[PDB]
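What follows are structure tokens for two forms of the same protein chain, given separately as structure 1 and structure 2.
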Structure 1
């Protein structure tokens, strides 16, 4: 079961647990206002309906085991294909509307509602590593700085960008990296 014990995460962070109805029954999310959500699939995860309440203690019961974590500030990022922005708000107020490169017109950033999965100060991205040659237009070999993993499928926040990834200036990517915490909502919309 993840997040780990005591871990202070953001508000889009799902709980991950490693008959489909039968293990669902053996799990329950206990919150101060009994927050509702649903199961999504092995390994099953539970997502809150409109997020977690900020600064709320969450405990997960799964069988004879209970574990609990905390939520911090409500820091929300929204990526607009059409506005060409990444906008980061924290508790209502917006901190930065930042210009962003969201994929490329061939492969723009996939619409969805996600969370920051991890933080890596620099990450090298070689298309050869997943079977894509460098002589391709959708090919690359670069070091990404201040990379925040959006999806399992390879979107990173870190312009002809491939894999759907989100590109910002270094000043803005550094800040978001500073601002963001594991769990924070990243929203891809129009």
Structure 2
């Protein structure tokens, strides 16, 4: 007995970045995962391949291998639901732990190579292939939301701006005026990709939810 669908992301008619997963949420925990995966039909003109990942008992996402093509249509069907969305430009951000840089390219054209400070060795930025999950002009960075008491040495509580969520577990790209001196030279954050206010603002204005963010 199959659980009903609660929602699909992206929403119908959205224009998303090229690493946006198709996320299907169900009304109950899923017991037969293979049946749910077979039920999810994703179609795109370039026949992009990919794989399912179970990120909650009732949530599965399909992650496209090597990104969607830019400016393409994607159809999604599951049970009684059908929808369509599109991709926009391929706007790729590469955060380099060794180079201390965040490099953003649009459709192969490099737009900015920005000074960045990533996580210090004890509180590192995770290597991986991620996407922009949200845009928040202002956000409270609270160390308790990554498991660190405020009074501990790695504790922090502050308001940051131009915040783009990179991971489900709290890595952001954001404006970090306090670390401008380290940006381009040293990795001194608690895991976030620290940019200057002006570079963070530029990126924040350019970025779309779904846009790829690679940490290397």
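Under this definition, the rigid core comprises the largest set of C-alpha atoms superposing within 1.5 Å between the forms. Numbering follows the first chain given and starts at 1.
Shift analysis on the rigid core between structures 1 and 2 singles out 132 from 144, 47, 27, 132 (C-alpha displacement of 2 Å or more). Its Cα shifted by 2.5 Å, residue 105 is compared between structures 1 and 2 on a rigid core fit. On a core-based overlay, residue 63 has a Cα shift of 1.4 Å between structures 1 and 2.
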